[PDB]
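Colleague: Please see the structure below; I have some questions.
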Ligand SMILES: NC(=O)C1=CN([C@@H]2O[C@H](COP(=O)(O)OP(=O)(O)OC[C@H]3O[C@@H](n4cnc5c(N)ncnc54)[C@H](OP(=O)(O)O)[C@@H]3O)[C@@H](O)[C@H]2O)C=CC1
Ligand SMILES: CCCCCCCCCCCC(=O)SCCNC(=O)CCNC(=O)[C@H](O)C(C)(C)COP(=O)(O)O
Ligand code: SF4
Ligand code: SF4
Ligand code: SF4
């Protein structure tokens, strides 16, 4: 059978790895609920960087008026885990 | 508007009447003599003012006319003249030069001129970097025509 | 010198500049 | 919409012409010229030249109408210097300007005609062009880039016998114009290629800065020779042809008529040509005679100064325009008191005309684009500078 | 489409910066294809170079200077994408690979 | 630089890259050519006005040789040929000319640096007659000039190479690519630009390169099958390898070698089925561990994938 | 016999018919004129000494002006 | 080989005769020099009469005339057109701009000579060269083509 | 409509805060205005019955390095209705955007592109503001006085890359500056 | 009284009811200009020439007489100018450029360097008398 949404666990692992290997994120604060700005020492430019990295890894563009709400890993995974364009 | 004018317009359109005149006067030129010049046996007309290949001139004694005043180097719009100094170096980059004749106007002793030669195409760029000895050879080769042209043109300049 | 290139005494002959008609064709 | 990228890398259509067209089938939706392929930094170069050394740059802008740009630059320099030109020089300037206009119109008309497939008029017209190039060479020693018209007048006087040969040319030129016309004017194919092509309203022509034939084709009676006369144009009889439809056919007819009027002006200049000096007599701005410089100290000093430093122009700025064959050609000259122009902005009519190609060619066929380019009379030396 | 007015303050200028950075990053795959870089450099290195260029100017406090820098960056991106001049280890002004 | 270099054999593959690099360093380059004046035409754009000077010479004539060499203090020889013509044998093209050039350089007296370019597999006990002649030429040049420097590049890769281009042509014309030895021979192919850079570096040193032979191999070791795959990734085509055993390949490469020295007219050059190169494919040609590599010239060779094979874009 | 392959030389031989010999230079080039009016009375041309390998640069300076209508003086009068 | 050389020289003479008698230039009409080039092809000089026919496509061309200033923006277009020309091919540089940058030599936007982009066979000096000067340059090209010995060089290779 | 009438009538009718300087001279009538009033002044001159300045002849920049606002932008305009010319000028610096007049004069489009290319002055609301004369990827603004005459880079064919490429300039014979002052 | 067949200007259509159109436009203008302060010179200039033109149009019934007395082009061009003046009156209410600022400075220069007769010079000729009446009324 053919589906339309990526699995939640797969998206969680993918986003976790992307944040872990980014540039300035020690893979010890990276939890499935960790916030970019308050808990990862990332400025707004770096958070935009990470969100743009989320786009390449899942192969689709996230709307600008929607990226403003993806501030942690949980909100991210909530977004990509239900978006049909995700691959 | 009227049956006659409509009929005449129709006939002219159908019979291509206006296309005939173009055919006719194209055919008239067919039998007339041609204006082509049989180069290189025949040449186009030129004037004593023609601005061709530069040349350096000497007095009849054999002494060079140039006294290294550097006026031609100063006026040259293309900066194609390089002089060290009588000159010990006098270079004209024939590929920078715009063949304007300013240098000949500036020269106070009629030393540098643009002579009448226009047939000096080369196979290399370096042959178009004229040095002093080449310019003096040009002057020796074209001296009689250059002098005749100068005699002709001295009544205007 | 005192001789300059110019028109001859009386000027040059008149020249036409306008189109000439041509009524050629049996029509 | 598909995109056809058209660059003719040959003088069939300009040579550096580069067009991006959006098409709906064979219908043109948008024409976008890409220019700068002949941008040579002329305006920057001029700032490093004396006013005399800058003069040859103007021969190379609209390099089909050499002496007209020479004339415009000389006029701007004369205006800033308050320099008085002798009458004989004025007449020679106008005579050569109208010869140039004929040279330009012949080239423009017949290259357009060859573009739309009429081959013979090009050869016929270029023989007459060769005769006019001979007058350029007889006065300057150059067929094209004469650098003959200068601040203060002209470089040299006419050689003996030139006026007679020009008169001989004028006696036969009308028949040549008539032959070109009979080849083109009444031919149904020529009319089908040009009638209602590239229509321009008077409001559009004003909005897009059109000038010359591009403006007069739309019914606007405007010619700088009459609106802002210079040299001896106010002593001369000529008509200003204007169009009624504003299309390519009207502009073709206007160019033919302009050649006829130029012939008229040349005849008048030949008959009214006076004797006297061809250079302004102010001994601080004009070269002395060769014999004077070899005989008189003051003359030698002035010659040395003129050919090394050049003359100075008092600090000021002005815009000067002439009716060039392609339209209004203008120079915005800024002087700082020194011997070199501080700024020289060149206003080329082809720049305005080519900018208008988008609105002119809208909703026309692909084959009409070359027709519209030809009616604009674009030379990229002046467009790009 | 048209050239916008100058940013009134640093907040709106920062917003324009973020928009330019997004537009530059989203054009990376096109650049990789055009210059054939698959076996020469990773896309993230391009992203990193763009962000480093943005960071080296992080001390600017005048919104007009920021607007001009953004305009120049847009022009350079457009020339890189639309009118690519392929060299080998060099894209525009950056040593790649 | 005040170096005046006479580069023999500069109208071939490696010559253009070498002349470009020599002109970059400011050297004056003399380019002897044997045939049409259009053969060195592509070299004239390199360098400034007067810096690159092509000159007609004849190989089988000593006067012309010293004539083109009369103005130089550096001589680089690139002359060689991997096949045979009725006029020039393997030993004639790869040994006699090189020895003659070395002798003329000795009688010249002014040649500070002499560089002779050889092949990596050049040895006396080589299956390839061209490699045997190459080793003989190496010995002859060294005996005539003990201070000369020897380069031994591997199969070179580039826009005008004679390995990837023939493979692409054959594939696009037939649909399949043969493998002469089952696609198992190993070799370290090398970017041609790196070979040119190594020659320039040996010309630039403080004198340490004289008397020594350098083995210039690419960074990586491949099988002929492994290279055929870079060609297919790059030419965006579906691969289809066919095993041609050695005796069969030698059979299909036998006619030209047989009738080249018999028929009195020229033959087309071999692309894939050259007998000598097939013989060379029998053994593996690798850079020896005891030799001098791109290191000891302070150079790192470029990897093949990407830029060295970018010319393969033209075949898609 | 050079007329058959060289049509350029043939045109000169044809137009030499009825022409007047004006002079010969030091290289043996021959100079002819007609005194008519076809190309606006321009009827001066040179027959080069070498019927093959002729080249325009072989016209000496004394005759170059006459050939290009720069002057009405022939090469002989200039040399005297 | 007392008989092979004669036949080879005859073959080469035939090849050179064919290639000199049918030269099909493509014109790169960039600036003012293109106008003098147009005059060369016109009735007075009639390049047609020498067998010279101007072609629109580099694919049918044997020669490229670079007539005018070459800018940095245009250089890639010139090189690509040259690369589409089938062998044998020749390049004529016409005028000071194409030869060495001319009046624009010191500009920030101009290529200082087209021989930086393509190999040049003949340089025609002048600004612009007269139409007759271009014709002389084309006759020099014929002279260069007539030294070719393609068949002999290939026989010996 | 002579230059005395234009000067007097414009003094009487224009809003005072639009014009900082008014010159009457045979070299041309000249109005200087702040950048924020340029658009409105040009619209007034175009639309008003007694001026009818319908043709924008050109726009050009002039560089004055000794000035805090180094650039001066000059608008040359023509009234075919009254056979008169007017010059309107405003000053600008390297970072301050000025208003485009394309919506008033469509001919301004390319002249503004040229000012941006040559001098680096930007134009608000210009629909398509990119370089128009220089080579793609050009850096700098050549008509600035501090930009060197020969520029910074040149191009040549590179056989190993099989393409035309750009390198830093190298001059065989440098431009000689002759100082006659 | 004869209807005009062409204006001779491409894109400028004939307006056969040009008198009524002109009267309506001028009346609209004289109404809408009252939103400008009475002290502003723009308002006085517009009222002056608009009232003169309106009076001419009201008096003359034949458009040829209107064109002749005005000295200002065809009635179609007079309509273009009236519409443009109305448009300008709207933009000027919206811009509110009126009044004089507190620290208002303005440099006048009357440069009198002469220029030669032969250089291009615009010499249109005298305007219709109403232009000078408008100007002198503005000065007074
Ligand atoms: N894969 C490779 O390319 C490898 C090559 N080499 C060797 O390196 C050198 C350069 O290689 P490459 O550039 O590819 O070689 P090419 O075959 O491409 O070029 C050979 C050069 O030598 C000239 N030449 C050949 N035979 C003669 C002859 N009889 N007389 C005079 N000149 C002659 C050619 O002249 P012309 O053009 O006139 O025929 C040409 O200039 C050669 O020695 C080659 O064998 C080393 C290892 C591998
Ligand atoms: C192949 C590439 C093609 C495109 C290349 C384009 C190159 C463009 C080069 C110029 C780009 C710029 O500098 S664009 C101008 C950038 N300058 C500024 O933004 C100054 C203000 N500073 C800040 O906003 C913060 O310091 C900041 C850290 C930035 C974010 O804020 P945070 O701290 O809250 O994260
Ligand atoms: S002709 Fe003009 S550009 Fe050439 S060297 Fe003489 S003065 Fe200089
Ligand atoms: S102007 Fe005449 S005399 Fe002076 S340097 Fe030049 S050539 Fe010699
Ligand atoms: S060489 Fe002279 S005529 Fe030819 S394009 Fe350049 S400037 Fe124009």
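Chain H is numbered as in Swiss-Prot; the shown residues are, in order, 62-218.
Here the Cβ of each residue, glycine as well, is placed from N, Cα and C on the backbone.
I grabbed these lines from Swiss-Prot:
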BINDING   H:93, H:94, H:158, H:188  [4Fe-4S] cluster binding site
Colleague: Count the other Cβ atoms sitting within 10 Å of the Cβ of residue H:94 ([4Fe-4S] cluster binding site), across every protein chain shown.
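Modeller: There are 32 of them.
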Colleague: Near residue H:93 ([4Fe-4S] cluster binding site), how many other Cβ atoms are within 10 Å of its Cβ?
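Modeller: Summing over all protein chains shown, residue H:93 ([4Fe-4S] cluster binding site) has 26 other Cβ atoms within 10 Å.
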Colleague: Taking DSSP three-state, what's residue H:188 ([4Fe-4S] cluster binding site) in: helix, strand or coil?
Modeller: coil
Colleague: Specify the count of other C-beta atoms within 10 Å of the C-beta of residue H:158 ([4Fe-4S] cluster binding site).
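Modeller: I count 33 other Cβ atoms within 10 Å of it.
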Colleague: Neighbour count, 10 Å Cβ-Cβ cut-off, for residue H:188 ([4Fe-4S] cluster binding site): what number do you get?
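Modeller: I get 27 for this one.
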Colleague: Going by DSSP, is residue H:94 ([4Fe-4S] cluster binding site) sitting in a helix, a strand, or coil?
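Modeller: Assignment for residue H:94 ([4Fe-4S] cluster binding site) reads helix.
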Colleague: Select from the binding-site residues H:93, H:94, H:158, H:188: which have any Cβ-Cβ contact with chain B shorter than 8 Å?
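Modeller: Answer, by Cβ distance to chain B: H:188.
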